[PDB]
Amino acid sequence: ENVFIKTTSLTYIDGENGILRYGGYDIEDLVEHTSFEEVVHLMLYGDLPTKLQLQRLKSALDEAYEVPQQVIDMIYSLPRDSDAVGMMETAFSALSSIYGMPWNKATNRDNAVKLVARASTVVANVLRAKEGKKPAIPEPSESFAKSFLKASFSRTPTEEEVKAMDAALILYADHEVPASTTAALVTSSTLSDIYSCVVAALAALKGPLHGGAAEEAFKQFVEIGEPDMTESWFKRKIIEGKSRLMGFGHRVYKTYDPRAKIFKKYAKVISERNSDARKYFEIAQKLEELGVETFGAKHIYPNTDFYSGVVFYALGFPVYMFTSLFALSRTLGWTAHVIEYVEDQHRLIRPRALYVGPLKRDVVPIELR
């Protein structure tokens, strides 16, 4: 009910003007001129890092990728058709049991850095389990994005692929206070460890009113199948059937979502080099044109979910991974919000329930019921 649950210095949103900033820096500026590691430092420490700061952060990520074999075994023992976010939830519960530490001002940010690394290991292994491939642990490389793509796919990505993944990680890092962030905050109020805060976030993200938006948008393209079929699909499903166009519209943004233009940019480059990926990009682009022509006068435009799937697909990720890829990115926003909350504004969360149930009554023996 518009209820402000906390203050933040992390993320500024201007819905009327289409502006998204992390720590005062415009999202476009961050994507073009920084890197996910730099944005991790910005969200956790409040500024972009110096060379030496960046170096220490990178070494901390590198040493954190390795998790115990038992975590990997658990991922690989779930049914291969299980929801990927659910597999992440299970892996993060195990990480919580192994690594969880108490809240401590001096080490909270170091603990979050290690968790973000381990999110990379988990997501790469969730993909590989579902695909029936052998496990792989991310290894040091020139960047977090590159290490994640190499672990995921066992081939060296191109620079354009790396840059697209890096962008996606920045783009999805934080936004508003959705149910997943709220669950993390509630969990943090009892001083549950940071890994368990992420477990709760993932539990909420698994729900189909929160998770699955990138999948639902991209599934439109899959159903269309070929670019020359787009107009007909749009005539039948949208114009005649009055379905909403998935990946259009936003509760805050009354303009294009600033993230959507950036996902689009990166989709174009990497989609062209595979004809399947190219086909989906061409279908999305035609739907975007039809959608803005039809709904732009109502202040309904592409949102961040419209082109993110196109990027992930072009990278080699199946559709079943898209919300998990969101989660990979959003671990930064979850951890940064809970650290802000615990360090500044820790109230123990204790709401009430109004009793509207039966008045006093006496137990009757079962034979008399």
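One rule holds for the numbers: they count along the sequence shown, beginning at 1.
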### Query
For the C-alpha atoms alone, is the average B factor greater in 289 to 297 or in 88 to 96, going by the entry?
289 to 297
### Query
On average, are the C-alpha B-factors higher in 238 to 246 or in 279 to 287?
238 to 246
### Query
Looking at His210, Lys114, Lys133, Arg259, which has the highest Cα B-factor in the entry?
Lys133
### Query
Ranked by Cα temperature factor within the chain, is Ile137 in the lowest third, the middle third or the highest third?
highest
### Message
Sorting by Cα B-factor within the chain, modelled residues only, which third would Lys254 end up in: lowest, middle or highest?
### Response
highest
### Query
Which third, lowest, middle or highest, does the CA B-factor of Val67 fall in along this chain?
middle
### Task
Looking at the entry's B-factor column for C-alpha atoms only, identify whether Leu52 ranks in the lowest, middle or highest third of its chain.
highest
### Query
Can you tell me which third, lowest, middle or highest, the CA B-factor of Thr331 falls into for its chain?
lowest
